[PDB]
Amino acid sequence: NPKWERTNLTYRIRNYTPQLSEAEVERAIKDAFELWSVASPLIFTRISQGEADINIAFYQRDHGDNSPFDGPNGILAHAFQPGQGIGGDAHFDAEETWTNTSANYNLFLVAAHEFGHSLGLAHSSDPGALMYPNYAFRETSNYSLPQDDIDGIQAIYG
């Protein structure tokens, strides 16, 4: 069970996707972290530069980690479990269409999914859970953590 033994975690958005504005990208990312926050003791702080616990980058194909991305559709992103260095980090395929809408793919929902992984959650078999292996759009306005996911971080932390 890898878990962060610290509660306030910093994150850094290393670059951006041209699909969305930077403000929309930053809002998608911020709201995704807030979901886990309201159900756990973790507090997340954005830093503009510098080492951050959770680095967030939009990369393409080979991007230095032995987990190359694959062009449109297919794998949308991946994150690493709690740890130093790459631990906790989250990469998004820069080749996907990232959206703010119901169109494929909504960055907020994919981000929320990746962060569960950065906090030490794996995939759930529950199709209604956010940690479900495959993406499905769900209304994002006043969006809240499904009970399955709530049970998962709460079993890791408090």
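Numbering starts at 1 and follows the sequence shown.
Novice: Mean CA temperature factor from the deposited coordinates, higher in 101-109 or in 60-68?
Specialist: For C-alpha atoms only, the mean B-factor is higher in 60-68.
Novice: Mean Cα B factor from the PDB record: higher for 112-120, or higher for 128-136?
Specialist: The recorded data point to 128-136.
Novice: Return the residue from 49, 45, 40, 55 that has the highest Cα B-factor in the entry.
Specialist: Comparing C-alpha B-factors across 49, 45, 40, 55, the top value belongs to 49.
Novice: Could you look up the Cα B-factor of residue 88 in the entry and say which third of the chain it sits in: lowest, middle or highest?
Specialist: For residue 88, the deposited C-alpha B-factor lands in the lowest third.
Novice: Among the modelled residues of this chain, does the Cα B factor of residue 145 put it in the lowest, middle or highest third?
Specialist: For residue 145, the deposited C-alpha B-factor lands in the highest third.
Novice: Compare the C-alpha B factor of residue 31 with those of the other modelled residues in its chain, then answer lowest, middle or highest third.
Specialist: Lowest third - that is where residue 31 ends up once the chain's C-alpha B-factors are sorted.
Novice: C-alpha B factor of residue 13, ranked within the chain: lowest, middle or highest third?
Specialist: As the PDB entry reports it, the C-alpha B-factor of residue 13 lands in the lowest third of its chain.
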